[PDB]
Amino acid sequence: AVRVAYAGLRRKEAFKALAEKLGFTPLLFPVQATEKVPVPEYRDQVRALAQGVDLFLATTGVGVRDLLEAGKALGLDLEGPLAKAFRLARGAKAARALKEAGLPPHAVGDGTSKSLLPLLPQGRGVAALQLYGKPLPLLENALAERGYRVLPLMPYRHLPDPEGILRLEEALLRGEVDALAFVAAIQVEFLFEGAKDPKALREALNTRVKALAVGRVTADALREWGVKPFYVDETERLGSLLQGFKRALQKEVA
């Protein structure tokens, strides 16, 4: 039977039940330590943004929407400050959310944070950066290097599980997994950033192990780390991912 590993923490029960119903042999290898944890300083972080920024960088569509809602609930005017700032979006999702909010981006990257480096302006002031659970040293440091005071905007903080990341990498290189499902891009990132041999990992996921991604953003993370997704669930539902995956497997043999 096809051994399908799950890197989420979230829906382990649903995954197990789903995989079995399909005749798959379910494996659980989480890469996150625990549930999303609140960031103390967030509220003050949003108040800071309300004071005015020269540059605003958005990484996700959900992130922009949640930030804007938080601002309106706190009685803060965020649309004003962002209206006079240079707005950059990492990719299409972030761009659309900004667009729909009446604050279209001035430039958009290719879905990867690294693509924003070249697009950063030259000036001194404050650069607000909407995050999705983890720090982005490369981008943050690029912003500071450009002369901006980086203002991280992260509502929740995700925890990687070193121990679990290594067990997952061990398993993959050892050939105990046939497919690996990632429900979120941060899971792909925690895995490669915590791995001891990312290239053996990349190699495994490009030949012996089929990488499955829930959502285009999760897929973007796999491609960014040099992995070609075997299957991408555009409907963002774990159930559809496994159903569609089982269909893809059969079609390869048909």
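Residue positions are given as counts along the sequence shown, with the first one as 1.
On average the C-alpha atoms of 29 to 37 have higher B-factors than those of the other stretch, with 29 to 37 and 205 to 213 being the two compared.
Stretches 145 to 153 and 127 to 135 differ in mean C-alpha B factor, with the higher average recorded for 145 to 153.
Per the deposited coordinates, the residue with the largest Cα temperature factor out of 56, 225, 42, 190 is 42. The PDB entry assigns the greatest CA B-factor among 171, 181, 116, 98 to 171. Sort the modelled residues of the chain by CA B factor and residue 104 lands in the middle third. Among all modelled residues in this chain, the alpha-carbon of residue 71 has a temperature factor (C-alpha) in the middle third. Residue 236: CA B factor lies in the middle third for its chain, per the PDB record. For residue 167, the recorded CA temperature factor ranks within the middle third of the chain's modelled residues.
Placement of the Cα temperature factor of residue 110 within the chain: lowest third of the modelled residues, per the deposited record.
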